[PDB]
Structures are given as structure tokens and as C-alpha cells.
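In the form deposited in one PDB entry, a lone chain appears below as C-alpha cells.
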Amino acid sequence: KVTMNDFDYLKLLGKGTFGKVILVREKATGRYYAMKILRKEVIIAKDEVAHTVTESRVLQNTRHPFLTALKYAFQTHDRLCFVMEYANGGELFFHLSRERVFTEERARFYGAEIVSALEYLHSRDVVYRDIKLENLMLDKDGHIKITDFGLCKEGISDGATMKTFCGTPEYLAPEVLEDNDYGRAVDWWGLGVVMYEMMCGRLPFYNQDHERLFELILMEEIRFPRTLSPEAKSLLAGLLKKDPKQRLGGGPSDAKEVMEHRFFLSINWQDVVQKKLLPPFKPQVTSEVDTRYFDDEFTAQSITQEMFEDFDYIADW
């Protein structure tokens, strides 16, 4: 049994409407982790138990170099805790906001690692549904670590469908903004939005009002900077195709279509998964408690069953 007192609570890494992520240190080992804390009362009241259990299950049953791994998963009388591996390098959102735009080669590196992770998730019958810059982290070496498995759906093989209206507004696929069901191709749209942000310096569609934003995602055509390479324009047009059946990765071969696109011609896919490629940026952290790659809005803040049966976990590593 793992308790709350087995850890030291240092500083806040991130905060959402439904949870907090704190940098913790295990007293017995001296090792640093990121603990996601969720309140049971908020989850039960909003009827989000199924999604929270799935988040734990996906974290328990996944093992990939570009996916954040789970060390422990425990619960108290009022809280649910996920003890994950700490991504020292912060969000891709932090780096892109600072640098405004990435080179096509830098975006290709991150893109290749995200494709590798999504191929793995899809092979395990899992659809991620929340690809966004805030959910894409960098580890101490500069490799991608996908975090936040809160909206994942299990048991989705081949052309199987999902019905839950969920995701992040600015990243929603056109088919999700339509009635009825949708397939796994929503993850490729998400990849398209992050690749667009990395290479063009902005979201493909934006408006502060959700109603106007949804109209843009469904009706507006994407624009490209004149200087963007033809292979990058082709990748973005393919990943951001409104019809999931016409989308790159939307066909029966899924990830293979994205992997074989001319934009990724220079990529050896086995070298990607085996971490053989040199990262275009290595986080300049001086210690394991150095949070220079996390926003000051969060780090400066002070930090003072039968239903959840498939929640608990202790890792083999």
C-alpha cells in the first residue's frame, strides 16, 4: 500500500479545472516524479468515473519510450493519485510560445515521435482524443513524452467507433463536431493541428468564442505561409482534411499512411522508437528540482471501494 506520506511535495507543475500536477520526491528512493491529484467528489458529481478509471488502465497497460510511464497509482478517502515519470523539459507549448515557430526539421523530429506513440496506442486499441501542445512534454533528454490519458478510449480496434463529445475545443476534429459517432482518425487531425502550430506559428483555426471556433473548424479552409515547403503543405493539408475517410491516416492502414508521407522520407522509423536520433534541443536543467521549463503562473503557487477497483497499481520497473 502506497500512502500520501511516502512523498515530499515540492512545487506545482500544472493546474487544471479538474486536477493538479505536483513535483514530488519519494522519501525511500530519493527519485523525483510528477503526481497528478484528482478529487473524488468532483469526479463523482460530474459523472466522470469511467474516464478516470480508463486513464489509470491506459497508464497501467502501456509501455512506450514516448508515453509517460506510471510508477504508482493509489487512492485515499477523498483523492485519486497518479505517480508518473517527471518530464523535466516542460510542455511543447512552453517552448513553442517562447520560440514562436520551429524549423521544419525540428517539427519533423517531434512529429515522428508523436506518430510512433500514436501508432503504438492504436495497436493497443486505444484512441487518445486529446493531442495538444499542453499534453506533449519533453523529457530530460529532449524526447517527446505524451501525458494526460484522461480522455482515452479502450477497445477501439480497426474501424471501431466512439460517441463521447470530448477533447479540447481548438483541437476538435470536424467529425466530432457532427452528430453520432467517430473513428480513430481524430488523433491524426490532432497531430495535424500541433504540426501546423509548430511550423506556422499559430493554430489553423481560432476565435475566443466556441460557437465561432466550431464554425471555422467545420467550414473554413486552411491557409499556408508561402515559404512553407511543398512536403509540409502536403502533410498539413492531408492531416487537416475535414473528411476523416480522406484524411492522412484515416484509411484502413492508419499510421502507415502518415509514416509513408514524403514529409517523413528522411525518417527511419526503427531509429525513432529506439531513441537513436539526436534531439534538436536538450533541456538545460541543472537539477531534478529545476522547473525553469514550466510557467511561473504554476510554480510560484503555494501548495498547502468497488467504484475505483481497477485504479490501484505498483510498477514492475
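The numbering used is simple: start at 1 and walk along the sequence shown. For clarity, a rigid core is taken as the largest C-alpha set superposing within 1.5 Å between two forms.
The same protein also has a form deposited in another entry, omitted here; what follows describes it.
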State which of the options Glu105, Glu221, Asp181, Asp243 undergoes a Cα shift of 2 Å or more between this form and the one not shown, taking the core as fixed.
-> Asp181
Is_shifted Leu191 between this form and the one not shown (CA, 2 Å cut-off, rigid core) = no
Using a superposition on the rigid core, decide whether the Cα position of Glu257 changes by 2 angstroms or more between this form and the one not shown.
-> no
Once the two forms are fit on the core, has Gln284 moved its CA by at least 2 Å between this form and the one not shown?
-> no
Evidently the Cα separation of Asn207 and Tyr128 changes by 3 Å or more in the other entry, so the atoms lie farther
Given that the distance between the C-alpha atoms of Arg100 and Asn207 changes by 3 Å or more in the other entry, do they end up closer or farther than here?
-> closer
